[PDB]
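Take a look at this single chain, the form deposited in one PDB entry, given in structure tokens.
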């Protein structure tokens, strides 16, 4: 029986990175503490889950991880400890200042579990009074019900200074190493392939005047991820982009979020957007967003399709393209804050199409990676506390909403998103990881 596939050298590298950084997080925690209950596929981007994905490339439910000076402690099931066991010997070599311990808990014995919880809490206390945790994280289940009161009691008794480490974590894993950059490329290639399918399906549905809602059409695209025939078609392209020594594996392909299709006269350009249960409207502007996730690495692509567009629709789409090229080539530079980047975008728009400024989205996207949307790295005027770094990957996403076509008086919107990697190398321009066509001639259809 084959064990779970985990890269322990990467685990060791990343644990040692975290350890080299965490005392310098805001508020200087003596210890880090991560507790993960039951998994939820419908809320997959909590910091503790992201930590598991970054460390092990798998989420481990019902598992505690603590970092204290000189020690990582993992409390988990006997089956889960079996996945991890070989990692013990790796930390023994004279280089590392850290040992790894795996403490085996059991679903069916609350007294063993409580005692293990007691023991880890005592070690944390021995390290000091400041305990760093992802404060926003919420998990359910039996493990959590055993943990929560034991932790609550400890904070009081030990007078722990419990602090949020969400910003520190975002910073530790922000810059993508070469393998992550490759997994992002794979993710993005997937997105291109599903967008191609989407455009092909949308056209046929419009041409044939199907009875079908935006939501049913986007559900049809979503469900193709379960179609091995379709998966086999895109295999060569995605496998070609996997890093050496990390073989393409279909098991590792998922959705970042449910695909979005929008049509009609009312549009939503914010992350809150969901396909509506209205009939697909085969005229004007159609907005589609896809984001495949490969090996936990998120991507994003948004395209506008123009059906029998008016001149103003087409002309504003040309500008949308010009703006994207300006943002990526000239504005999105290492060393700049999100606020500086966003202000520079408004400046450019005010100089070229000032009338479009009130219609512009309030951000131009965000840092992307293991987390779809890092809320400490949204590209808007509010963020003046991060600098862009070489190695950062972004979802660059923006649009113009509530545009009125003059001769029809019809409302419309335009939207464009790609996933863009900033190379580690300074001589290298940003790379588009998503390369599905955005040329006006290729996204325009006439019926």
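For clarity, a rigid core is taken as the largest C-alpha set superposing within 1.5 Å between two forms. Positions refer to the first chain, counted from 1.
The form deposited in another entry is left out here; the points below concern that form.
Of the candidates 408, 43, 28, 389, the Cα that moves 2 angstroms or more after core superposition between this form and the one not shown belongs to 408 alone. Once the rigid core is used as the reference frame, the Cα position of residue 108 differs between this form and the one not shown by 2 Å or more. The Cα-Cα distance between residue 277 and residue 409 is shortened by 3 Å or more in the other entry relative to the form shown here.
Note on residue 264 and residue 408: their C-alpha atoms are nearer in the other entry, a change of at least 3 Å from this conformation.
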